[PDB]
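For ligands, and for the atoms within them, numbers begin at 1 and follow the listed sequence. Worth knowing before you read on, the calculation uses all heavy atoms, side chains too, and leaves out hydrogens, waters and symmetry mates. Chain identifiers are assigned alphabetically (A, B, ...) following the order of the sequence lines, protein sequences preceding nucleic acid strands; residue numbering begins at 1 within each chain.
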Amino acid sequence: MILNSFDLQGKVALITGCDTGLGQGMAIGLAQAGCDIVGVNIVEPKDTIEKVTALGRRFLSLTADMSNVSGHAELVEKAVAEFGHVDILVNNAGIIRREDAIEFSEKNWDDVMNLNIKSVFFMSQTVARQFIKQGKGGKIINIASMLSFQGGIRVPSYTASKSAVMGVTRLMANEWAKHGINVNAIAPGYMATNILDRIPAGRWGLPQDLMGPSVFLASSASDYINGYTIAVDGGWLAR
Amino acid sequence: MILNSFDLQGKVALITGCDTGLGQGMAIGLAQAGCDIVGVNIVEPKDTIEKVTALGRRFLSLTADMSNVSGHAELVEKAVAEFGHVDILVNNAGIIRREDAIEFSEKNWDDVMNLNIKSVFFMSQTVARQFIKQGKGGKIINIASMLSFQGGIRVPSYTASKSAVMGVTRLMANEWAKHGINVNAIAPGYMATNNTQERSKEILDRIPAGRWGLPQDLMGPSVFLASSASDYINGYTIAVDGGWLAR
Amino acid sequence: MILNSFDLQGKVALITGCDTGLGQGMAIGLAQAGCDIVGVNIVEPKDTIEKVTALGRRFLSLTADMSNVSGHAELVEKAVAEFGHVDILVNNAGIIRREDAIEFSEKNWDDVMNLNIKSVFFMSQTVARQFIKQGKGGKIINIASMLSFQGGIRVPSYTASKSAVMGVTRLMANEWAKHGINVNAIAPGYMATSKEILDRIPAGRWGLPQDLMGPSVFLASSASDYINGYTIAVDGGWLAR
Amino acid sequence: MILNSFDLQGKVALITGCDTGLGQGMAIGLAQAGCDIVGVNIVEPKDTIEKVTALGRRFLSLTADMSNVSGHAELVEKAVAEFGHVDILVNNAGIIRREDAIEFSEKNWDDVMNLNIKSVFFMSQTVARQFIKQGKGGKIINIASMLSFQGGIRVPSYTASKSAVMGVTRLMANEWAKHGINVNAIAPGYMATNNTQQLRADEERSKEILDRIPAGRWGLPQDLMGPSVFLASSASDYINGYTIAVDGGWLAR
Ligand SMILES: NC(=O)c1ccc[n+]([C@@H]2O[C@H](COP(=O)([O-])OP(=O)(O)OC[C@H]3O[C@@H](n4cnc5c(N)ncnc54)[C@H](O)[C@@H]3O)[C@@H](O)[C@H]2O)c1
């Protein structure tokens with residue numbers, strides 16, 4: 001029965017950057033579908049923890065700067081100790097820096113790239129090693145952007161990193177499919193979080209809009225989807 | 001709770017070409033998710049009917065050449081009687097003709113384009129009107145292809161039609177989002193069906209999944225795109241291809 | 001010497017739909033680069049002929065409905081008889097029909113598809129047969145749209161046909177590239193051929209027929225020999241935004 | 001008269017990585033079209049200098065590590081001092097590192113990203129500042145890849161960087177097109193240069209790729225001369241933010 005394919009009962013999902021907005025939405029969405037949650041945040045995710053534990057699921061709350069790639073192995077070791085396994089990774093921790101391209105600083109380049117693409121690759125690598133050891137496959141969900149498709153303005157490192165996310169998602173699928181690993185991405189549109197007439201849906205997107213697609217991509221219901229980016233954008237890219 | 005968003009209890013789904021292969025899979029998947037099915041076919045979908053009814057769901061079997069666009073209005077009327085509404089449409093009925101591009105006949109062009117794109121737009125329109133009348137939105141799922149993205153060989157009208165499907169999917173979402181209608185597409189990879197019956201091994205080694213797709217692989221994605229779980233996805237094509245486009 | 005690679009002296013270009021605007025621009029640009037021109041139009045391209053012949057180039061004006069695919073072999077035979085060979089095809093003849101998608105007529109579907117994609121495929125087939133006979137390769141330039149990439153509104157058959165153009169361009173390259181035939185497309189942006197739209201064009205101006213002269217000469221020349229199956233946007237940055 | 005639009009007489013082009021292969025091809029093509037050339041290389045590009053000067057054009061040879069973004073301004077200042085202006089930038093300097101993704105080292109990440117995307121953005125920024133000062137527009141040509149479109153294997157930082165090139169090309173156009181600056185990219189297909197040397201030595205793999213190139217041949221440096229001149233010229237003035245594949249039909253197949 002196909003509805004069972006969406007059910008994430010007994011699954012363990014590690015979501016970086018889930019204290020608020022989109023990442024919170026996705027963490028709560030995965031918990032609602034049955035996942036226990038490991039969070040990695042720089043801010044304590046109390047509201048998320050309350051909402052996750054209120055569903056009767058567990059939340060392991062890890063505090064770390066995701067840009068420190070040497071730190072990743074331990075984060076995943078702790079998750080594995082606490083739950084026995086890690087099944088799903090959502091690489092949502094990210095930042096944006098706005099400055100005219102002609103003035104753009106090296107700091108505003110490095111900080112964004114270090115988090116939005118470099119740490120995404122290395123965290124995916126770290127978790128994939130654990131998936132392989134487990135031998136039962138795994139799911140990775142990266143977070144792309146409309147700026148994976150279009151250039152935008154004043155955010156060169158964000159556009160670069162998000163375009164890179166879409167590309168590296170393809171490579172990870174190509175290389176790791178043999179390990180039973182799916183790697184896909186969600187590209188949110190313009191979301192009401194920390195233009196409107198160009199959205200066919202006529203509304204801003206919300207964290208709630210990412211719950212369904214994230215459960216879908218985290219579940220057996222999307223097993224033959226791999227290396228692909230799915231726009232959750234109210235039709236932005238269509239117009 | 002989010003798992004309730006995938007539940008299609010009480011919905012009616014019209015699927016074209018569901019007697020076999022991919023369409024059969026989507027019809028059955030939609031039925032398992034709670035849908036009553038309306039089939040439109042050239043041959044009786046006997047197996048599909050038995051599997052849909054075995055789940056305690058209803059199946060209306062309509063028979064028609066989908067390429068006849070004047071006959072679409074009636075098919076939707078027949079559905080609205082009996083079931084009372086139509087909430088979901090899957091435009092899966094299609095064909096392919098293989099012939100060297102330099103020799104390609106007008107017949108092999110028209111036959112493919114009439115079904116694969118023309119009939120798809122006009123059926124979507126017909127069902128869209130019904131959606132608007134009903135006033136509670138709706139879902140359309142078109143079927144794209146790897147040949148919406150890549151050219152292939154010896155199938156100019158197929159590549160043309162499937163590329164056109166990806167594009168009209170965008171327009172229909174743009175124009176009809178205001179009516180609460182989501183129009184998306186699934187692009188299957190290389191699937192084991194009648195459509196694809198050592199050349200095989202070269203392709204297979206370029207599918208990261210390492211296996212042909214199956215009708216079962218479209219059940220999850222089709223239920224997803226037919227449900228509230230995908231409400232902010234519109235005008236978009238999702239590849240279900242085992243990583244083909246990634247390689 | 002690379003500038004020689006852009007020189008189209010001795011070449012013959014068949015352009016459909018070149019009486020005005022973009023098609024006229026492309027025919028003139030090709031003529032400026034050295035091409036003699038064969039036009040196919042519904043009416044005499046009088047102004048285009050004047051401009052081409054003023055450059056010292058030949059113009060053969062054929063009058064026909066490009067949507068009649070049974071007529072193509074004759075059009076190509078006439079071009080080959082007049083000049084001895086045909087080297088370049090530009091499939092510009094096209095139309096658009098605007099009408100709400102929910103009300104869209106079958107006539108406004110058929111009319112647009114017959115010309116914008118069906119005739120494009122069959123004209124390309126017709127000319128490709130001639131290219132293969134000649135044995136010196138050839139060039140096909142199809143005309144795509146921003147609506148090959150985006151949906152638009154009120155023009156279902158236009159979007160269908162132009163999305164199809166981008167796809168069939170890929171397939172024709174796949175099959176014919178081995179013969180030295182290059183099949184590519186130009187996707188013009190918003191051309192002068194309101195403020196809301198300009199503010200989303202990075203270049204901050206409408207495109208002009210002259211903006212297609214360089215790209216069409218490039219894709220018709222030796223300078224683009226390893227480009228095949230590809231659509232090039234000439235859009236002032238529209239798709240980037 | 002349109003052929004004049006391709007003529008780069010009086011123009012000055014700065015090409016990074018033009019000692020060999022693709023970059024050398026583009027430098028020579030630009031020089032054949034009339035450009036004086038500024039090279040930025042790790043060693044003196046003797047062959048390229050020979051060929052460019054034989055055409056009657058000037059070659060300013062700069063030796064520098066393009067990954068050092070602090071040194072870019074000085075490179076451009078030298079160019080401007082020599083010729084009075086810089087009109088065209090080709091961001092060709094790049095590397096690739098092959099290693100299983102599951103094992104991929106931090107070094108193989110950083111070295112590739114630093115050159116292939118970071119330095120590309122900052123060199124573009126440096127030259128764009130000069131274009132704005134001059135007030136006569138300018139051309140930037142970035143170098144994408146088939147791996148801007150497809151994933152590949154064993155080269156995560158390459159795929160990341162080249163996908164990022166396609167994206168930043170869009171943004172740079174968005175911001176700078178108003179100044180008559182055109183930022184575009186060329187995506188070479190499978191070209192017979194050092195980067196495909198190992199691949200081409202494997203007879204079996206070589207044929208599997210070649211059989212999937214519709215043109216039925218590998219690309220060569222000469223195949224980028226025309227497209228680079230085009231993108232560096234007034235003939236492409238309404239093309240902006242776009243990546244053009246020079247791939248013999250690879251992406252079409
Ligand atoms: N590898 C693949 O199988 C693949 C890949 C991409 C897209 N597709 C598309 O998926 C769809 C399903 O094809 P398939 O793979 O199951 O093989 P298929 O040929 O068995 O499916 C075609 C379906 O359409 C029906 N049909 C044909 N002509 C019709 C007509 N005139 N009116 C009504 N119904 C008609 C057939 O009876 C059948 O049920 C098609 O649109 C196909 O082009 C398939």
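- At the top of the distance list for atom 5 (C) of ligand 1, counting protein heavy atoms only, stands B:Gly189 O, 3.5 Å.
- In terms of polar-atom proximity, B:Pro188 is not counted as a contact of ligand 1, lacking any N or O under 3.5 Å from an N or O of the ligand.
- Checked against a 3.5 angstrom limit, the closest N/O atoms of B:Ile143 and ligand 1 fall outside it.
- The salt bridge (charged side-chain N to carboxylate O under 4.0 Å, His left out) check on B:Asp87 picks up nothing, with sequence neighbours excluded.
- Each of the atoms 6 (C) of ligand 1 lies under 4.0 Å from some heavy atom of B:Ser145.
- Checked by atom type and distance alone, the side chain of B:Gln125 pairs as donor or acceptor with a backbone atom of C:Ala101 at under 3.5 Å.
- A donor-acceptor pair is defined here as one N or O able to donate and one able to accept, closer than 3.5 Å; no such pair exists between the side chain of B:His85 and the backbone of B:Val80.
- Closest heavy-atom approach to atom 12 (C) of ligand 1 within the set B:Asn91, B:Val240, B:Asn92: this belongs to B:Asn92.
- Looking at B:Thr193 next to ligand 1, an N or O pair under 3.5 Å apart turns up.
- Here's the thing with B:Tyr158: one of its N/O atoms is less than 3.5 angstrom from an N/O atom of ligand 1.
- For ligand 1, the polar-atom distance check against B:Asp65 finds a nitrogen or oxygen pair separated by under 3.5 Å.
- Under 4.0 Å from ligand 1, not a single heavy atom of B:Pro215 appears.
- Protein heavy atom nearest atom 32 (N) of ligand 1, with residue, atom name and distance: B:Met66 N, 3.0 Å.
- Salt bridge status for A:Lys139 with A:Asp223: present, with a side-chain N to carboxylate O gap under 4.0 Å.
- By the 4.0 Å N-to-carboxylate-O rule, B:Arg211 lies close enough to B:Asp217 to be salt-bridged with it.
- For atom 17 (O) of ligand 1, the protein comes within 4.0 Å by at least one heavy atom.
- Of the polar atoms of B:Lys162, at least one N or O is found under 3.5 Å from an N or O of ligand 1, judged by distance alone.
- Taking the six-membered ring where the residue is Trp, C:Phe121 and B:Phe104 present perpendicular rings, their angle passing 60° and hence far from 30°.
- Put simply, atom 43 (O) of ligand 1 has protein non-hydrogen atoms near it, under 4.0 Å away.
- Close N/O approach between B:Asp19 and ligand 1 is found [any backbone or side-chain N/O within under 3.5 Å].
- Taking every heavy atom of B:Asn194 and a limit of under 4.0 angstrom, the matching atoms of ligand 1 come to 20 (O).
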Should C:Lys107 and C:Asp111 be marked as a salt bridge (charged side-chain N to carboxylate O under 4.0 Å, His left out) after you check the CA-CA gap, both sets of side-chain angles, and the distance that decides it? CA-CA 6 Å; C:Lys107 183 180 151 59; C:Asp111 283 353; 2.8 Å; yes

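- Here B:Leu115 has side-chain heavy atoms under 4.0 Å from ligand 1, and that is the only part of it that gets that close.
- Salt bridge status for B:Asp36 with B:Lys11: absent, with no side-chain N to carboxylate O gap under 4.0 Å.
- A salt bridge links B:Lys78 with B:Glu74: the closest approach of a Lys/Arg side-chain nitrogen to an acidic carboxylate oxygen falls below 4.0 angstrom.
- Heavy-atom contacts of B:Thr196 reach the following atoms of ligand 1: 1 (N) (cutoff under 4.0 Å).
- Of the candidates B:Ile42, B:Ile15, B:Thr20, B:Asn114, B:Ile42 brings a heavy atom nearest to atom 35 (C) of ligand 1.
- In this structure, B:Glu44 places its CD atom where more than 12 heavy-atom neighbours from other residues, nucleotides or ligands lie under 6.0 Å away.
- Counting the atoms of ligand 1 from 1 in the order shown, those under 4.0 Å from a heavy atom of B:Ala144 are 6 (C), 7 (C).
- Of the possible polar contacts, none joining the B:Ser61 side chain to the B:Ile49 backbone as a donor-acceptor pair under 3.5 Å is found.
- Taking distance alone, with nitrogen or oxygen atoms compared against 3.5 Å, B:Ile95 stays at or beyond that limit from ligand 1.
- If you check each of B:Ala192, B:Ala93, B:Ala27 against atom 24 (O) of ligand 1, the one with the closest non-hydrogen atom is B:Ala93.
- For atom 1 (N) of ligand 1, the nearest non-hydrogen atom of the protein is B:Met191 N, 3.1 Å.
- Taking a 4.0 Å cut-off on heavy atoms, B:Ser119 fails to register as neighbouring ligand 1.
- Close to ligand 1: B:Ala64, with a non-hydrogen atom less than 4.0 angstrom away.
- Using a 3.5 Å distance cut-off with no hydrogens or angles, the side chains of B:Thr193 and B:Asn195 do not pair a donor with an acceptor.
- If you check the side chains of B:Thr169 and B:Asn142, you find a donor sitting under 3.5 Å from an acceptor.
- Of the protein's non-hydrogen atoms, the one nearest atom 22 (C) of ligand 1 is B:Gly94 O, 3.4 Å.
- For ligand 1, none of its N or O atoms has an N or O atom of B:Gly23 under 3.5 Å away.
- Protein heavy atom at the shortest distance from atom 4 (C) of ligand 1 is B:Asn195 ND2, 3.9 Å.
- The ring of B:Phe122 has its center closer than 6.0 angstrom to the ring center of C:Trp109.
- Remark: B:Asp19 does not engage B:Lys46 in a salt bridge, criterion side-chain N to carboxylate O under 4.0 Å.
- Salt-bridge annotation for B:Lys118 and B:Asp110: absent, with no side-chain N of the basic residue lying under 4.0 Å from a carboxylate O of the acidic one.
- Inspection of the B:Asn41 and B:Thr63 side chains reveals no N or O donor paired with an N or O acceptor under 3.5 Å.
- Ranking the protein heavy atoms by distance from atom 25 (C) of ligand 1 puts B:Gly17 CA, 3.9 Å first.
- For the ligand labelled ligand 1, residue B:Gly213 lies outside the 4.0 Å heavy-atom shell.
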